[PDB]
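Readers should treat all values here as calculations from the given coordinates under stated rules, not as data from a laboratory. Here the Cβ is made from the backbone with ideal geometry for all residues, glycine too, and neighbour counts use every protein chain on show.
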């Protein structure tokens, strides 16, 4: 049986990060987490491209631009959505997830999902570098593995 | 690390606004907000194109026409949906959000989401220039940032 | 500021109507409403093409055929869905709305949504020419405005 | 006014049926119903192609193959989904409906929806040839009408 | 009618920020927000003076020193007060607000109020770069507008 | 960006303390705390001036006298108010806080607020050298920082 | 400021694992997790020594033997304790944790704690490669970081 898997070393890999600015007190923790993951797994900070966008709605169109670059091996999408009083959250979360998933398939390049979709502020804090870990770190680790997998093929 | 971001100056930028007429007592406040944002950030009113459509359902097909214009840097979609008695709201909100998101990716051009999707009339009033701000102003600010980002690249 | 809008005169405009037969006691009121709107706004009955399909599920594939005709300026989709005992309603309503929205964007031609999606029979009667108006009339008015807008461009 | 409609005679029409095997005690009643409808409306049993697939998930990819055949006028999709204990039902029902709807538009050929999506076993029995009729018969009747409509054009 | 208003460009403007150290995990987010606002609206980071004081009580006397500088166009006061168990919060909040308001009138120079006065820790987190925005960003935007207004006169 | 801050060394600094005698069993702990803070941060006990007044009402007029001395760098106001049965507490607390805040601005000299305003005796004990620290120590630390800041300017 | 940290590459590192046999259906998942972590971070499976002991009580005395080996850089202790009906769990959990902590300090070598101490079977399953991750993987990652840190010094 032929087995393909990605290792977790980031030596030589080039990453794009697209990070939204809304809820920046939490998003900044996710970006720190993603960068720390890449560097301590052997990636170069110089090989990271970071794109900032205003809100999660804008992540896919920016991710589309990064994922089309030949010198980017994987894109990490980072943002924080917290449900408010209206149905707005539902529509944004659906379109951000759908757009990133569709781009990955269209461009045949890994795009990992480091977007917190929380019902409450507490849940978002828990997942941005406190008790339930750091979703930016997790999305970076997924991107390292997938970039390595795609090299193997 | 390469960082790309958009500044908030609108000098030289050209914008399209697509605004639905339904719930016009509120939509007109969102359009006022978007225009005020553009002008006080240094954009020219002469560089704004405004398209009026009957309802939110028609926003995407009109946005498609504006976003295909070479002299438009970003499109701001503006409308107000308020849940009624039937499931109708759900289907309209889903298709408007999906269509705008898909167009942005297909055309590789920022389209920002200034459509209120409210459960109640009060929630819509709150987001159309009262206690929870002005979603038209917010969508214009997002469009300025994204137009600048896309120039940087 | 450049402003584009559609007027509400239907002189010279050519329309397609796709109407489902299920719930025909109500759909026939919506079709009457759409035709009345077109004619009293100055359209010619001779410039209307009406396509009948069995149920709402079949509206998009028929609308696709009409919207591809060069001599059709706008398509009005008409039907009535009323929730039954199973989840069936949800799947049909989602696909009909998604298909019409997608066709409008693909073909760059207005397709208006005159499909009632009701939780109860009473709600459907209310929207088919009684206390909450006539959704066929409303969809025709939207189609007149959009056809005029698209001429202006 | 130009009116296009399909009659309910099946003389000369060729049909594909794609039927899932899961819940076969009920699906077999739907297939019987579809075939009976075609034959007693004047279709030839020899002009029916039946494709069996394991579950509803597999209906769209098989329907894609049949609907691409030049000698097939319409495809009838037949299956039975009954909600279980997990969210699984929701994901399968959504993808089966979305896939069939998308295929019909892409291939410009009628594909009718004879898939029961039931919350309970009783609801499925009711719609597979007992008190609420036979959804296979209904989907075949819809396919006859649409095949005739598409000839008219 | 003579209309005076401030635009939102910060080119050439010089700002003072007075920021308290108490609740620094949140105040540091407000200061980041204020600086980001100034810079992305075209201000120079070199034209910002930041004064740190121990607690909100000390903000006015420090703001008095900055607002008396001829090369400062506007002062942004930043701090976070969260109600504790005693009446202490009431007395501090009253004196900080009164002192800043009085200084602005005495010196005829804009001083904007970026001090969170929260009943709970959650409310303060919400307003320091999470779900209810960033009060430091808001106070900086107000200071840009007022500095521009005062130039116009 | 120009940053001004005060360090926490008290070498060379001269302080005034104004301490009320009412609730002296607790005020004496606050005065001990303030003096300990100054001395262990490097201040000389010989450089402290202590003024005793009968009650918190009299603190501002005495603080006015100390803060006008050229050889005083900062004044620490110390007292304990505990709510009694009447509205009296409210009026005293308001005037003491208002007077100290106003004096600091008028004289452009730091005056720090080491006055406990407690609803209960227990709350006052907690803040006078037990479980919630020592407000006299805290006010002295604030005065050291502000005296150093004002030197820097 | 001198900063010491460990990277997450395991190239060249040699590890000991001590794994208890009680609750082996879960412990075997933790051991799989630890080994997978080491290998995909670049460690050699040949550089792992695995010691099996009967129960968690016996982990420290075996860990003592491994941690005294000059060719072992870090020890990973793996086991699963689930509270039963008596106080037994408390005494075992206390002694296993105390013994491992004491050994690490005595031998000045990292020993990481991959022992689940669960109140219920469900909690243990959650932490042995299901919804709350894999504590063996986590303990191995900690051991890689600490082995690298200790090299740096």
Exercise. Residue B:36: more than 10 Å from chain A (Cβ to nearest Cβ) and either surrounded by 24 or more Cβ atoms within 10 Å (Cβ to Cβ) or in contact (Cβ under 8 Å) with a residue 24 or more places away in the chain (or both), yes or no?
Worked result: yes
Seminar exercise, completed: Counting only strands (runs of 3 or more DSSP E) entirely within the stretch E:22-136, those with at least 3 residues that are in contact with a strand residue (DSSP E or B) (Cβ under 9 Å, 6 or more places away or on another chain) are E:48-53, E:74-82, E:111-118
Problem set entry | Residue list for the stretch C:51-71, filter: over 18 Å from residue C:96 (Cβ atoms) and either within 13 Å of the chain's Cα centre (by Cα) or touching a residue at least 12 places away in the same chain (Cβ under 8 Å) (or both) | C:68, C:69, C:71
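Does residue A:79 satisfy the criteria of being facing chain B (nearest Cβ under 10 Å), in contact (Cβ under 8 Å) with a residue 40 or more places away in the chain, crowded, with 18+ Cβ neighbours inside 10 Å and within 14 Å of the chain's Cα centre (by Cα)? Quick ask: steps written out before the conclusion?
Values: facing chain B (nearest Cβ under 10 Å): no; in contact (Cβ under 8 Å) with a residue 40 or more places away in the chain: yes; crowded, with 18+ Cβ neighbours inside 10 Å: yes; within 14 Å of the chain's Cα centre (by Cα): yes.
For residue A:79, the condition - facing chain B (nearest Cβ under 10 Å), in contact (Cβ under 8 Å) with a residue 40 or more places away in the chain, crowded, with 18+ Cβ neighbours inside 10 Å and within 14 Å of the chain's Cα centre (by Cα) - is not met.
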Seminar exercise, completed: Of the residues in the stretch F:3-13, those that are surrounded by fewer than 19 Cβ atoms within 10 Å (Cβ to Cβ) and over 30 Å from residue E:47 (Cα atoms) come to F:11, F:12
Problem set entry | Residue match in the stretch C:40-53 (condition: surrounded by 19 or more Cβ atoms within 10 Å (Cβ to Cβ) and away from chain D (no Cβ under 13 Å)) | no
For this session: Look through the stretch E:15-33, keep the residues that are without any contact (Cβ under 8 Å) to a residue 60 or more places away in the chain and more than 10 Å from chain F (Cβ to nearest Cβ), and return whichever of them is surrounded by the fewest Cβ atoms within 10 Å (Cβ to Cβ).
Result: E:25
Exercise. In the stretch C:82-101, how many are touching a residue at least 12 places away in the same chain (Cβ under 8 Å) and at the interface with chain D (Cβ under 7 Å from one of its Cβ atoms)?
Worked result: 2
Problem set entry | Test for residue E:61: is it within 14 Å of chain A (Cβ to nearest Cβ), within 21 Å of residue F:110 (Cα to Cα) and crowded, with 20+ Cβ neighbours inside 10 Å | no
Exercise. Quick one: what pairs do we get from the stretch D:130-153, first residue within 18 Å of residue D:24 (Cα to Cα), second part of a loop (DSSP other than H, G, I, E, B), C-beta under 7 Å, 6+ apart or different chains?
Worked result: D:133/D:127; D:135/D:127
Problem set entry | Residue in the stretch D:102-122 that is nearest to the other protein chains (Cβ to nearest Cβ), counting only those that are in contact (Cβ under 8 Å) with a residue 24 or more places away in the chain and more than 21 Å from residue C:94 (Cα to Cα) | D:120
Problem set entry | Unmet requirement for residue C:149, which otherwise passes all of (1) at the interface with chain B (Cβ under 8 Å from one of its Cβ atoms); (2) surrounded by 24 or more Cβ atoms within 10 Å (Cβ to Cβ) | (2)
Exercise. In this structure, does residue F:144 turn out to be crowded, with 23+ Cβ neighbours inside 10 Å and in contact with a strand residue (DSSP E or B) (Cβ under 8 Å, 6 or more places away or on another chain)?
Worked result: yes
